[PDB]
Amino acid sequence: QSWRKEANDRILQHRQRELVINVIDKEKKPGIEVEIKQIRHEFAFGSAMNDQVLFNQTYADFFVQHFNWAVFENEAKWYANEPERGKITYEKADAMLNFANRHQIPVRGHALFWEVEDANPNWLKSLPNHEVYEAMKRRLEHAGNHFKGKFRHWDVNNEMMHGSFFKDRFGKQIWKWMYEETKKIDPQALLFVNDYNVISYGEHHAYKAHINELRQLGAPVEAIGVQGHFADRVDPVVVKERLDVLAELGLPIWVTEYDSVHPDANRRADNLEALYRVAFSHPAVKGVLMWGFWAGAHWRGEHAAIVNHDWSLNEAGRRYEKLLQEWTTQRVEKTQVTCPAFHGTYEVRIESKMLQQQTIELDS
């Protein structure tokens, strides 16, 4: 279809950068073979990670082979780090961070706050306003400092468009406080809004206005997360359209929690390809994460998974693997170096000299 051909053109346009450098065998100047193999993608192809990574080595091996970015499914939410008032625990999250660090997988932080009441610790919901804020104060300072420099990103206040637990008690100025004070504690962290029904539904204009209001209020929102929880069908054209609207704020966009549900793995694969190809082709998008992969541990069950219960791929996992292969630069050339190559890091051989080629510049 037309949407795929335009997507592929923008992929070549925005995801690659022509290569050429060094090449001297002690001052030689015109032949030899040159091997150009990509070893890391700059673009994020990540996944939610859950408790299975602590006891399921098959799950752990599968993760490392398929995802270059992670986010924790539950183990950094407030109720999980403070299940009872004043009883603070980060052990599970720290263990998952060590696993990710030893495999050099960057981790998104999810999430310091969540505006939806039903997602907050139950002990918080009977407290008077000023005690709620005191608990908020300690959460932000205790978790913000504990995770300082561990997360590349924070979902600072999840789903502000679809809750009102904190806004009702303190007004939208509490949101400026959330972003401002996280920025001060952890300047290196890229601070996100993250919300649903924006590309899977038509709330993108509301979201755009919502990002605007947060920034005019002074909140240092640096990036836009769109969750990408779809139902049964992914229309690539409308997704591209809704992304177009959000791109006008000049902020990087990440698809943070992709999944769709369909009994027929074939359509599941088509949905996945539709979102990933369109997302990978949008110049404002910088990464995609899948909210789980394995039928044994997916929050929407086996009809959303790319790998079956017994760890055999289904068609959606196969399609995911082929998309990764399609989007990997592996070239042998004789030629004095010329090829387009996806952003990332490269081993160039004459496996000898590892070299980076990022996206800061657009000219070779």
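Numbers follow the displayed sequence, beginning with 1.
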{"property": "Extent of unmodelled deposited sequence, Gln336 relative to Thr335", "result": "4 to 9"}
{"property": "Unmodelled deposited residues flanked by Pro30 on one side and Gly31 on the other", "result": "1 to 3"}
{"property": "Per the entry, higher mean C-alpha B factor between 73 to 81 and 263 to 271", "result": "263 to 271"}
{"property": "250 to 258 or 212 to 220, whichever carries the higher mean Cα B-factor", "result": "212 to 220"}
{"property": "Most elevated Cα B-factor in the entry, residues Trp294, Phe192, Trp123, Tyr201", "result": "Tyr201"}
{"property": "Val278 CA temperature factor, ranked by third within the chain", "result": "middle"}
{"property": "Ranked C-alpha temperature factor of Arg318 among modelled chain residues, by third", "result": "middle"}
{"property": "Third of chain Cα B-factors occupied by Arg242", "result": "highest"}
{"property": "Position of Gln57 among the chain's modelled residues by C-alpha B-factor, lowest, middle or highest third", "result": "middle"}
{"property": "Third of chain Cα B-factors occupied by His110", "result": "lowest"}
